[PDB]
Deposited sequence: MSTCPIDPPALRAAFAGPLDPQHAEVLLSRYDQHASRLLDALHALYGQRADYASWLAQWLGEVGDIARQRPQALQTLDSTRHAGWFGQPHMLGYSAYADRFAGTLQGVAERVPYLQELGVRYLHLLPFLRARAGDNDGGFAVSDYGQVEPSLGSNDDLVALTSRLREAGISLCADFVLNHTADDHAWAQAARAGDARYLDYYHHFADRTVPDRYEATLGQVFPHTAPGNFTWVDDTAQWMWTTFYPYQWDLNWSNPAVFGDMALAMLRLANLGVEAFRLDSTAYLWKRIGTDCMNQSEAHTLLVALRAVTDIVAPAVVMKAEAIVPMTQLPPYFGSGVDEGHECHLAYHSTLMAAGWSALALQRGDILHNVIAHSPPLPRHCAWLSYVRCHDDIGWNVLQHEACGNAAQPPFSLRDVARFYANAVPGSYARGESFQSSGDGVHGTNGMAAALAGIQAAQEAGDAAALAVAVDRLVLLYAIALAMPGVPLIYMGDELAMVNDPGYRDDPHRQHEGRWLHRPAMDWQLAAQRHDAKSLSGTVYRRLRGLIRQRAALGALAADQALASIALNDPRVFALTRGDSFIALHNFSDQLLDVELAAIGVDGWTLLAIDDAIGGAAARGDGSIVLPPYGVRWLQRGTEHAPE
């Protein structure tokens, strides 16, 4: 208790801007922490010490970053010029400094938000693609060190690009320094994890748990360790304030190295409670509110993004529920839209997209969506289970049929994906028909395939928030079956859509006659138009006009923008009086898989 004392601990021996923010946000932070740890005898002593540490980190934040902090307005990340890009640092340019040398390429595309997949120290051996983190405070040696991260983000800022980094807060690798200390008998760090002397308590938990099989016996610690995911990933005990404190500090150190966005991974499992499924508990959101409050005070230029890949009906809480709305995550991934796009494409049904947008939870103030077409993972069709059941406006559809189509397990498919309802692996270009058309040297089919790819991206680009291009899609890169020939990746089918960047192919973006140049040019056109449309800013409404033709999808933004999509293989038109329009293009005829943008 005693706010002035805590403020002084935070303040240090002797700051106006930083302290003004503390005065406005610290109370929310304190209530969150008290709700979670307030009953502990060590709470007060822990809090005072931690705030002192936070204050020191805050004051050492680079001036350039402090400037972004005090000049960025809320919702900056949702403006029209914002365009994202996701890639593995090694696959894209080998190293961090290599990524920095490729910034001109990112700047020409129009990128302002770059997500580099797990680049922090990862577990030796298997590490689930870097998600088994062994050190939150140091870069994977093969990519460089903190010095290079700093140089990278400085270079990125020179192009107006914000770096997004994964922050795996639910668990660490079993070789993380904390885990090694636990292995060595340090009771202090053993307590950073959920450990049990025997199966008694774990059995009680498991009774209501699910399988994603949640506990692993470890010889070195002589205890059962909570392991929701891989046996080598130990779940942190967030009921321990020291864990929250050290992770919060680790987040700020990363922010001080230039990280401007944090993809909070596996946040649903942050809080455990006997009797529950230990998922999406109230406390897990309280933890995110706390972390968000810390950033509002120390580094407000930063954004918090929920990684959670779930049905859009489960996303609102992440933006903060009730009194906390607007005080939790800034962004969330619209996975329902992503899967609906591919489903709509394979079934030639725009009505599925109408269903998704018409029911898309309205974004809270200063919050936005992360829209995308593909990512480093397989397409998880299950997120559409609800929609697939159909409703009064949209008849049901088969997810199994959609999966089979993209896995080319059906007679007439132009897709070349691979089954992982099981997910689907493969590059956007492979799924859209581009790979198949290229294999057959079919010019006609290639052109249609290019339209399909552009169509799905146009949808993401019209969304409120950050449209995230997956590395290589702008060049229509196809699958990389190469992983199939080396015993180290062979067992991981997702490598099929995790190719290394082809910089020679990238050089072809200049030849408007090449496939890559054609795809690149078309995507660039949409990107530029999006950048000029204020109606597309995240604070503007997002809706969908119900049309009487199931093949078409109409997406509206604000009250002056309308995007029309034809998800069928046939030419058709949409009557102006059916969408109450008669404006400017940026009835209306829509070619197969065509998209049209209009404004007042």
property: Sequence ranges without modelled C-alpha atoms (deposited numbering); result: 1 to 5, 20 to 23, 222 to 227, 436 to 441, 608 to 623, 638 to 644
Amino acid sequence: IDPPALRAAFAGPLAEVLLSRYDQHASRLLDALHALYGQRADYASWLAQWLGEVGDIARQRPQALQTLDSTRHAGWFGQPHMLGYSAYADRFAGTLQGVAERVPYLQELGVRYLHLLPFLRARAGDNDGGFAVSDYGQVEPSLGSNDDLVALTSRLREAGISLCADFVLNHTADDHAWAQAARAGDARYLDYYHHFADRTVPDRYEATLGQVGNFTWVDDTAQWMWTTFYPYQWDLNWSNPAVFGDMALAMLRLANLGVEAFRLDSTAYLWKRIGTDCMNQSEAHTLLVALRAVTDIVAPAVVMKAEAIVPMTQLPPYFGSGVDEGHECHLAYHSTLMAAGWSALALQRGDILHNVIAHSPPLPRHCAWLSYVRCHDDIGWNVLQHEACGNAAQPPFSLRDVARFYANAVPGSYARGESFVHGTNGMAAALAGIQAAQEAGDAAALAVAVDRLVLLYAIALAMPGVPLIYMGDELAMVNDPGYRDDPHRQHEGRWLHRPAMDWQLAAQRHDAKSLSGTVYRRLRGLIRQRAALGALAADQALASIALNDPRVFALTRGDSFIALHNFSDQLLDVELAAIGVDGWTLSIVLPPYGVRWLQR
From here on, numbers count along this sequence of modelled residues.
property	result
Of 309 to 317 and 116 to 124, the stretch whose C-alpha atoms average the higher B-factor in the entry	309 to 317
Higher-B stretch (mean Cα B-factor, as the entry records it), 286 to 294 or 405 to 413	405 to 413
Candidate set 440, 163, 83, 190 [ranked by C-alpha B-factor, highest]	440
Per the PDB entry, maximal CA B factor within 484, 366, 452, 374	484
Third of the chain, ranked by Cα B-factor, where residue 31 sits	lowest
Chain thirds of CA B-factor: placement of residue 557	lowest
Where the record places residue 66 (Cα B-factor, split into thirds across the chain)	lowest
Third of the chain, ranked by Cα B-factor, where residue 146 sits	middle
Cα B factor band for residue 210 (lowest, middle or highest third within the chain)	highest
